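Structure record follows, encoded as structure tokens.
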Amino acid sequence: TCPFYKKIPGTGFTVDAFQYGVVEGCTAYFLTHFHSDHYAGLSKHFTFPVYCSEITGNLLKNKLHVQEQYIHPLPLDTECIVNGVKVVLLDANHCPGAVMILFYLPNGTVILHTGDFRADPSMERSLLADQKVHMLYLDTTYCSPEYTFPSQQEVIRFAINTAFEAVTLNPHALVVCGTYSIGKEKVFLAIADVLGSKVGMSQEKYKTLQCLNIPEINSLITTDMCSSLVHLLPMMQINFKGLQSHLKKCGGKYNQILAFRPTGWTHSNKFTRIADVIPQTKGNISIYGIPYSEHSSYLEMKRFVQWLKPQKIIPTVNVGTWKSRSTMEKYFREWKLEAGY
Ligand code: NI
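The numbering of the sequence shown is PDB author numbering, which starts it at 700 and goes up by one.
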């Protein structure tokens, strides 16, 4: 049964609520982004209307084989009417096709559902600027002060320089990058670009990346592993056994692997600067964990909320414990008092 925080009151709408069968009174199902925790339950047998972005629509049709007639893509930054309710989709600065959703309720309430997001000051000059928000359904993944990490730009810089150094020292080194879902594509795209290679991957991943409207994509990726010196593998295989095995497959083309695991946050952020990061090494294999996040830091989250000044905040992540709920309400109150709303 559907939790209250996936219901938009005063409408027939839910958000990211596909794992509860037929939700009583829901006449349209919104999907914020193609991550499995959020799409859990969708398949080709789904017969209610789904509303999402164009990219999310591509993946529904091609990967989950949902039927065309039930997929309703909407343009971003465009006031649209759905079952008599004005809505807007906004870029969530998360993974490709990921959106925030504004609901303008009949009674005059305004609701923002962030989906998954990484807050940015650029959001302060969207169609959010023009009016008040009464309720915020907030991605609270890292709502605690200890969750710090760098900008995406600094991390990519670290990765690019690391990889270019290693391959210029050893032309026979291979670079590997782990993956298990969409998002974080810049990590492998940037590395392949500075090395002047295409990124090589399995057919199922190539199919997925083909759904994402990246410009010039056919120039950047390929299924021919033999022609590329940047390979993507499942995240699970990014370890000393998985990598030794894969090196064997390359038939003595390469004598060294440099691999990258893009995590979210790790406790090595409480002490170490991005510049200071070092690999785990075994023989001719090195592994870097790099903190490339597609969720708000604590400070980025605080800044957005303090800018938005909502009247009520409803968390969508870390809701399952009392300790977590309690902690989050404290920070909300602090933020409210500090900025005076
Ligand atoms: Ni997500």
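The beta-carbon is built from N, C-alpha and C at its ideal position, and this holds for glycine as well.
| Asked | Found |
| --- | --- |
| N968 versus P849: straight-line alpha-carbon distance, rounded | 9 Å |
| Residue(s) in a DSSP beta bridge with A872 | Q955 |
| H812 CB to nearest heavy atom of the ligand NI below 6 Å | no |
| Any 3 or more C-beta pairs closer than 8 Å across the stretch 990 to 999 and the stretch 962 to 980 | yes |
| Same chain, Cβ closer than 6 Å to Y836, neighbours up to 5 away in sequence not counted | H812, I1013 and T1015 |
| Span of the alpha helix (DSSP H), counted from its first residue to its last, around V893 | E884 to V893 |
| Segment limits, alpha helix (DSSP H) that includes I754 | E753 to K762 |
| Alpha-carbon spacing of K705 relative to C751, whole angstroms | 15 Å |
| Residues that DSSP places opposite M834 in a beta bridge | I810 and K1011 |
| One or two residues paired with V1018 in a DSSP bridge | For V1018, which the question treats as bridged, DSSP gives no partner whatsoever. |
| Any residue whose CB is nearer than 5 Å to a heavy atom belonging to the ligand NI, listed in chain order | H734 and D815 |
| Exposed unless 16 or more other CB atoms sit within 10 angstroms - verdict on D736 | exposed |
| Alpha carbon of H833 to alpha carbon of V809, nearest angstrom | 5 Å |
| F712: first and last residue of the uninterrupted alpha helix (DSSP H) it sits in | No alpha helix (DSSP H) holds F712; the beta strand (DSSP E) holding it covers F712 to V714. |
| Cβ neighbours of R1024 in the same chain (closer than 7 Å, five flanking residues each side left out) | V1018 |
| Cross-strand partners of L773 (DSSP beta bridge) | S752 |
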